[PDB]
Every structure is written in structure tokens, then in C-alpha cells.
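1. Before I ask anything, here's the sequence and the deposited coordinates:
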Amino acid sequence: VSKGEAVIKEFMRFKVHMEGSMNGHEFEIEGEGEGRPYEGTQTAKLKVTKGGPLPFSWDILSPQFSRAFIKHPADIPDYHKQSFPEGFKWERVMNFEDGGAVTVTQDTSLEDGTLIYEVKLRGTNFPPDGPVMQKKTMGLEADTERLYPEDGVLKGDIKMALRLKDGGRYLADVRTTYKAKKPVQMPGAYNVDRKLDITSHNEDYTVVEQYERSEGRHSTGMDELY
Ligand code: NA
Ligand code: NA
């Protein structure tokens, strides 16, 4: 626990705005959320404000809507919670098994006690007849982010799996750098286990609600072939 880290309260709200494009199609999202940052739980309500109804799966967007809301055991310091009031940024690459590619950048700030999220997304090389652009996915399976500290940043990697409507999994590798806007006490390497659910949506996905539970843990031990 660091001095000033109690600016992240037991209950916190956020506002989010995304500007994005998928295979050259521009869109925008606006939303709001809330959660229990020390319990690792949160919800959000998102609305499509431009480019709707989206001609692609919501599951591409859902992991882009909140790093203050991760539970930690007592001996893993919270990189993101310590970054306040200044906050942090992140830079992500998603590489899908069929060659779809997504670059995402994000800014997190704090204004009058509310967390402010600005997201920029560019997706390219999605097969037009693939499960993303045909809207044939059915949410994210629970996954694990392996995080390690380097040069005052955190580097994360996720083996991500989207459920397919017709059965089976559609995989991605998701690599992200997380960058505090000031120096903070760094954790060791550790894992974040996560389950993100779409709890409700209107028929055309112009209004979407999501929930996530995120928990930090140690690894038990890595660079093995099998
Ligand atoms: Na998160
Ligand atoms: Na879901």
C-alpha cells in the first residue's frame, strides 16, 4: 500500500470513449461503468454513437473497455492503483489465428473523482467471411494475462479464445505494454485471471452491458516446449 493510493476508493465510476476502425469502417463508442477496485469486479454500459450497427463482433471491443479494477493478494503491489492521481496509458497488439490484427492505445486519467478512459482502435486484415466480420463469435473464454516488470512498465501476454457460434475456439495472442505516468513500486512477474461476460445487449449491439472479474496471483513456475 502506497501514500495517496486511497484515491482509488472501494467503489469507483468511469467514463469511456472509443474511436475505432475495423477493415477501414470507422465507428465510435461512448459508455460508463463502475466497480469495486479491490474486489476485482466491474460493469459497463456501452453505446454505439457512430458507424452502427457494427458490422463486426463486439468481442473485439470488450477487452478495450480498466486496469484499476484488479484484485491483488497482500504481497503483489498494484502498479495501476499506485499511478493515481496522474494515471497511466497502455498500448496493445492483438494477433488473431486467421491474420486479423488490432492495434489499441488507451489513456486513463482521473477528473473530479471519476476515471476517464480514451481508447483508439485500428483493426485490419480480417477475412470478410471470417467469424469476426460475420458476427459468429459468442464471447471470451476465461483467460490468464502473464505480466512481467521491465524498465518501470508492465508487459502482458494473453492466449485469448473467442467462442464460435458453430462450436470451437477462435484464438488470438494479445500483447500489451502498461505505462504509469510516474514511477511506482513494481511487482514481480505474476498472472491476472479474468472472465469477461456480455450480460445484456439490444438485438443490433448498439447498447451492450459487460461484467468482468479480474484476480492477480503468483505463478508456481515457464519457457517449457511441452
Ligand atoms: Na481490466
Ligand atoms: Na459473453
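-> The structure has been received and is ready for your questions. Numbering: from 1, shown residues only. Ligands and ions are numbered 1, 2, ... in the order given.
2. give the contact list for the residue in the chain that ligand 2 sits nearest to.
-> For the chain, the residue positioned closest to ligand 2 under C-beta to the ion is residue 139, at a distance of 2.6 Å. Every residue, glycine included, has its C-beta placed from N, CA and C. Taking C-beta atoms under 8 Å, 6 or more residues apart in numbering as the criterion, residue 139 is in contact with 59, 62, 162-163, 196-198.
3. Ok, residue 116 next?
-> Neighbour list for residue 116: 14-15, 107-110 [criterion: C-beta under 8 Å, 6+ apart].
4. ok so, going back, of the contacts of residue 139, which ones also sit close to ligand 2?
-> 197-198 (C-beta under 5 Å from the ion).
5. Among the contacts of residue 139, which one lies nearest to residue 77?
-> residue 196 (24.0 Å; C-beta to C-beta).
6. Wait, a strand at the closest one?
-> Yes: assigned with DSSP: H, G, I helix; E, B strand; the rest coil, residue 196 falls within a strand.
7. Now for it, how many residues are close by?
-> Residue 196 has 19 neighbours, counted by other C-beta atoms under 10 Å.
8. so how far is residue 64 from it?
-> Noted for residue 196: a distance of 11 Å to residue 64, by C-beta to C-beta, to the nearest Å.
9. Same check on residue 159?
-> For residue 159, the distance to residue 64 equals 18 Å [C-beta to C-beta].
10. Kindly report the same for residue 106.
-> Per C-beta to C-beta, residue 106 is found 7 Å from residue 64.
11. wait, doesn't residue 124 sit right on residue 95?
-> No: counting by C-beta atoms under 8 Å, residue 124 stays clear of residue 95, with 11.5 Å between them.
12. Quick check: neighbours shared by the two?
-> Residues touching both residue 124 and residue 95 (C-beta under 8 Å, 6+ apart): residue 101.
13. which residues do residue 106 and residue 64 both contact?
-> The contact sets of residue 106 and residue 64 overlap at 92, 119 (C-beta under 8 Å, 6+ apart).
14. in the helix or strand where the residue of the chain closest to ligand 2 lies, what's buried?
-> Per DSSP states H and E: residue 139 is located in strand 137-140. For strand 137-140, burial by neighbour count (16 or more other C-beta atoms under 10 Å) applies to 137-140.
15. partner strands of that strand, parallel or antiparallel?
-> strand 153-164 (antiparallel) (DSSP bridges).
16. so what's the residue most central in space within the chain up against?
-> By C-alpha atoms, centre = their mean, the chain has its centre lying nearest to residue 63, at 3.4 Å. Taking C-beta under 8 Å, 6+ apart, we find residue 63 in contact with 140, 160, 174, 196.
17. mind redoing it with 6 Å?
-> If a contact means C-beta atoms under 6 Å, 6 or more residues apart in numbering, then residue 63 has no contacts.
18. next one: residue 181
-> 86-88.
19. what would the residues you listed look like in TSV with distance to residue 203, neighbour count and secondary structure?
-> Below are the contacts of residue 181 laid out as TSV (distance: C-beta to C-beta, whole Å; neighbours: other C-beta atoms under 10 Å; DSSP: H, G, I helix; E, B strand; the rest coil):
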residue	distance to residue 203	neighbour count	secondary structure
86	41	11	coil
87	36	20	coil
88	36	24	strand
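20. And the residues you listed, which is closest to residue 33?
-> Among those, and counting by C-beta to C-beta, the member closest to residue 33 is residue 87, at 15.6 Å.
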